[PDB]
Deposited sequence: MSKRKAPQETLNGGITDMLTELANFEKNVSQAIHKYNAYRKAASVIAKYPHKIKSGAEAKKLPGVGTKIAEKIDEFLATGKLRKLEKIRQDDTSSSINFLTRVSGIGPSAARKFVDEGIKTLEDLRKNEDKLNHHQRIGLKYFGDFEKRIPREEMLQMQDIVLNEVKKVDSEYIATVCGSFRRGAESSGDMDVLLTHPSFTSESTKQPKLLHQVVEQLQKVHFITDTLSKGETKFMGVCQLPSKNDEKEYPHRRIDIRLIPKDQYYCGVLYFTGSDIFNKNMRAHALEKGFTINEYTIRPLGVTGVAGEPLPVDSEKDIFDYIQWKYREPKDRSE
């Protein structure tokens, strides 16, 4: 619905959520507030009272009370107070740096370090991830237009195939569901020589090639199965350079690939529904496998999965195109 509907309320709840996560270090309070903000962002009516909102799943008494106060006054005293609190807004700001979580932001603010400029002055005190997150502070908060995501997909698929024509790579995420923009690029990768019951350089060779053509510009972390880093589309040689973007690459065993693709394609609501349905039919689905249940509830051995459709076949579901996996 139009933000102007309940946008003030969902803005309030989101701010409350960020303070729970970054200042109170209460991840569960944080996600409750986000949950509430979501179910209200979808509600197609200008809420008139907290009691109206409490009918929705995820809205309890506390959030009903804060909505009442927001409607009667246009603000929340506690939010107003926390907004003007130097330490709290500084801690909350520093977590916008990737690699600075609530704990690091707390230690920095406890030492006088409150601003980007303060961070730029104290490189010595930042690990490698945090230095990168500082270096690209602005670029990382930008969304990625789908056309750029396609340009990025082109490069990734090409270089992967150049390394080994037997690799399979799938750009999952909202992008695969058709989204007009993305926040990062999530690449799922596999190779028939890598299974659950089976090379330590399959991921490395792909990362290496993507660095050699100067697509991957920085590394946040890299191991045998998970790469998190930075990439950038090549400049038009006279146009303004593209912003740097976050990219993750995961190597998954071939026998768990399509389960992984299903999961990391989402949406989160969709996955929940799918999993819910699969239990009804005597199956359990996680990000790795689908396994049958016994009458007693004991899971059996993972079932052979050679395509996304196979998952749907097991649970007696018509295959849903990624475009139609919004829920």
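- Coordinate coverage of the deposited sequence is interrupted at 1-6, 205-206, where no C-alpha atom was modelled.
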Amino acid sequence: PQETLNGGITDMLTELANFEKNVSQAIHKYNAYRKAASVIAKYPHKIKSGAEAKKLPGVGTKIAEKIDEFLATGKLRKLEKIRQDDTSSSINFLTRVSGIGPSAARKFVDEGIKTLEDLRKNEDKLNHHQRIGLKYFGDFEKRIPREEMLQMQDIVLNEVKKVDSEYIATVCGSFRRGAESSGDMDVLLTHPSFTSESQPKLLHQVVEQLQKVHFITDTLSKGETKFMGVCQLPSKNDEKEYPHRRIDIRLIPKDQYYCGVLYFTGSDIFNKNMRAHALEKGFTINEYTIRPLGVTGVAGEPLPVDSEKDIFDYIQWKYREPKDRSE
From here on, numbers count along this sequence of modelled residues.
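What we label the rigid core is the largest C-alpha set whose atoms superpose within 1.5 Å from one form to the other.
- Superposing the other copies on the rigid core and comparing 75-83 to 147-155, farther C-alpha placement in 7 other deposited structures of this protein marks 75-83.
- Comparing 295-303 with 37-45 by root mean square Cα distance to the shown form in 7 other deposited structures of this protein, with the rigid core used for the fit, gives 295-303 as the more displaced stretch.
- Figure legend: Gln199 is marked as unmodelled in at least a third of the other comparable entries of the protein.
- The stretch 309-317 shows the higher mean C-alpha B-factor when 309-317 is compared against 18-26 in the entry.
- Mean CA temperature factor is higher for 169-177 when stretches 215-223 and 169-177 are set side by side in the entry.
- Highest CA B-factor among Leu56, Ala299, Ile63, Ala51, as stated in the entry: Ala299.
- The PDB entry gives the largest Cα B-factor of the residues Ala37, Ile67, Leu262, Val295 to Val295.
- Among the modelled residues of its chain, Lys135 has a C-alpha B-factor that falls in the lowest third according to the deposited record.
- Placement of the Cα temperature factor of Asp86 within the chain: highest third of the modelled residues, per the deposited record.
- Ranked by Cα temperature factor within the chain, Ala32 sits in the lowest third according to the deposited record.
- Ranked by Cα temperature factor within the chain, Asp154 sits in the middle third according to the deposited record.
- The entry lists a Cα temperature factor for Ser182 that places it in the middle third of the chain's modelled residues.
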